[PDB]
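Each ligand, and each atom within it, is numbered from 1 in the order the structure gives. We count residues from 1, following the sequence as given.
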Amino acid sequence: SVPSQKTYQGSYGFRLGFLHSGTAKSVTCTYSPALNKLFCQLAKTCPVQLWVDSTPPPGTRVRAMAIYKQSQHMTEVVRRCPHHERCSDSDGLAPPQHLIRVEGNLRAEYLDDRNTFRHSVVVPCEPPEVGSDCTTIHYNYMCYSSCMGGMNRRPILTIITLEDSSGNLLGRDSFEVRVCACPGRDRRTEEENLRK
Ligand SMILES: CNCc1ccc2c(c1)c1ccccc1n2CC(F)F
Ligand SMILES: [Zn+2]
């Protein structure tokens with residue numbers, strides 16, 4: 001009824017990482033460690049790093065799913081709003097209803113869960129390129145937090161799960177997301193609010 005959001009490193013030491021993009025007015029994606037919250041513009045690249053302490057088995061996958069953060073909305077499926085689901089911005093692979101897309105990965109698979117109706121996107125877990133210490137997935141969020149008839153100003157969390165080839169849990173991490181026109185200003189505002 002509600003997916004778990006419990007952080008779980010598991011046997012492989014799985015956890016996320018984020019770049020340090022700053023809060024300039026021109027920034028398109030920026031992560032707040034103090035808030036555990038990503039702020040991003042609509043349909044812009046969101047780099048999320050995947051870190052492990054040891055190599056998981058061949059066939060391991062990485063899934064992303066959004067849920068509402070507030071308990072009174074958590075059973076409602078997070079989906080694109082009535083406008084954006086109809087705006088014909090398909091990449092040829094993501095269903096138009098899905099909020100979260102993976103950019104530039106032809107092996108991405110999009111699931112409409114037959115029992116919960118929730119959306120998710122899953123990719124094979126690949127090792128870092130030679131010379132790199134982590135792997136990066138590029139996500140896009142395809143509606144604003146404010147979209148009426150969709151998220152409607154309700155905060156969401158993205159849950160990232162490391163899964164075996166059957167879909168069993170190997171690791172889990174999560175972060176809040178706000179999709180907004182000015183992520184740098186909004187991060188600054190929310191960090192100052194938290195500090196006060
Ligand atoms: C020093 N660098 C460690 C590191 C970090 C991330 C890594 C791996 C190794 C690794 C090895 C095999 C397959 C996937 C791997 N990942 C992606 C996984 F975190 F999602
Ligand atoms: Zn929308």
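For ligand 1, the atoms lying closer than 4.0 Å to a non-hydrogen atom of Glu126 are 13 (C), 14 (C), 15 (C), 16 (N), 17 (C). Below 4.0 Å from some heavy atom of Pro127 lie the following atoms of ligand 1, by number and element: 10 (C), 11 (C), 12 (C), 13 (C), 14 (C), 15 (C). Close approach of ligand 1 to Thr135 is summarised as follows: ligand atoms under 4.0 Å from at least one heavy atom of the residue are 16 (N), 17 (C).
Few gaps surround CZ on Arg188; more than 12 heavy atoms of other groups in view lie less than 6.0 Å from it. Within 6.0 Å of CD in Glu192 there are more than 12 heavy atoms belonging to other residues, nucleotides or ligands.
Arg79 and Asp112 are not joined by a salt bridge, as no carboxylate oxygen comes within less than 4.0 angstrom of a charged side-chain nitrogen. Using a cutoff of 4.0 Å between basic side-chain nitrogens and carboxylate oxygens, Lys6 and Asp173 are not scored as salt-bridged. Salt-bridge check for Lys37 with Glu176: passed, with a basic side-chain N closer than 4.0 Å to an acidic carboxylate O.
Nearest protein heavy-atom contact of atom 10 (C) of ligand 1 is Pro128 CD, 3.4 Å. Here the protein heavy atom with the shortest distance to atom 6 (C) of ligand 1 is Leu50 O, 3.3 Å. Considering only non-hydrogen protein atoms, atom 11 (C) of ligand 1 sits nearest to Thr55 OG1, 3.4 Å. Remark: minimum distance from atom 18 (C) of ligand 1 to any protein heavy atom is reached at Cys125 SG, 3.6 Å. Annotation: atom 7 (C) of ligand 1 to nearest protein heavy atom, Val52 CG2, 3.3 Å.
The Zn ion (ligand 2) is the vertex of the angle joining SG of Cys143 and SG of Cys81, which measures 110° to the nearest 10°.
In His84, the N, O or S atom that comes nearest to the Zn ion (ligand 2) is ND1.
One option in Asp133, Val123, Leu162 has a heavy atom closer to atom 5 (C) of ligand 1 than any other, and that option is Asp133.
No donor-acceptor contact under 3.5 angstrom links the side chains of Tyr12 and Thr55, judged on distance only. Side chain to side chain, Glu103 and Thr45 meet the donor-acceptor criterion of an N or O pair below 3.5 Å. Counted by atom type alone, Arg63 and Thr161 present zero donor-acceptor pairs between their side chains at under 3.5 Å.
For ligand 1, the polar-atom distance check finds no N/O of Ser132 at less than 3.5 Å from any of the ligand's N/O atoms.
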